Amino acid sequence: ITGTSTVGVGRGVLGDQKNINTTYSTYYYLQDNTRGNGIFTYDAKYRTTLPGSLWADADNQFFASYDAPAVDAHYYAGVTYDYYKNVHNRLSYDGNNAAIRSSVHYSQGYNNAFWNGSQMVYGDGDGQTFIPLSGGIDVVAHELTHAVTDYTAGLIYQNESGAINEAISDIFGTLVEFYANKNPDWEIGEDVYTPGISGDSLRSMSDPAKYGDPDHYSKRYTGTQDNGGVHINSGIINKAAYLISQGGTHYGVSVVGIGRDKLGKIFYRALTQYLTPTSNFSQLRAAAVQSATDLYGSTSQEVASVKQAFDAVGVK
């Protein structure tokens, strides 16, 4: 809508207060004009019809419990946009400031969130397996990174290339969590998964096997579930990425960490320069090595740590 850019205040899913960018024209809408061509948040009102209605509010105050997922989806889309702009010089997901759109209150008791090809969608959860999914910044950034992947490498959502696709979203979802820097960890979804159980998460990058996910190529899932295990075999790549950043010894191979910034720069380059739609794990290794070579030299510690980390998870 056309109006005056302004600032509202609201409470998110976890009860924390934040400021959000809004647009005023009779109502106050969740439209943020300060970022590229805009961030737009919609109410799907418990239906599956998308996008729903652009979020309208009478007083620019978003403290109703019904408002909370909209506040978070809107605010964390913001932070994610900022991460890509400030750290990798990418303007929105298409690289040309495309509008970011999100719908919340999608369906009823829906325990997921997804990028549908054109927008993010967030369920409310059923109140015991999940609370509203936009409450976790790693989740929001994971979903938005899918949009990024679709516009660059375009990894097919199947088998190994799908696992890479999922791993890239977890990796940057985690980097974005560290960027916004409030309780960052190497777990996925910990803020919104099982509200009545502390210490757990949906997936772990530091130890994927914690939840039964492979952490070595020899343990990869080769059946047909989950599109050939795109959320399962990603644990192998997630583990490599964790090692590259933080270091450690894994299956007897030792890896010197090079830290988060470099891991981000390497994986973003691999993603935007060398990965293609059918890249498999072995090609991801070559892409990451080549990336680190471009950035730090063939005989750097960085190239050596990348090699170390893929040897550790059994990927040649």
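Just count from 1 along the sequence shown to find any residue number.
- Stretches compared: 214-222, 160-168. Higher mean C-alpha B-factor in the entry: 214-222.
- Higher mean CA temperature factor, per the PDB entry, when comparing 191-199 with 241-249: 191-199.
- Highest CA B-factor among the listed residues (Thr272, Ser53, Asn280, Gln31): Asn280.
- Ranking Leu175, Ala113, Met205, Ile100 by Cα temperature factor from the entry places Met205 first.
- Split the chain's modelled residues into thirds by C-alpha temperature factor. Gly38 is in the lowest one.
- Looking at the C-alpha B-factors along this chain, the one for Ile236 belongs to the lowest third.
- For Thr2, the recorded CA temperature factor ranks within the highest third of the chain's modelled residues.
- Per-chain ranking of the deposited C-alpha B factor places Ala209 in the highest third.
- In the deposited entry, the Cα temperature factor of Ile131 sits in the middle third of values across the chain's modelled residues.
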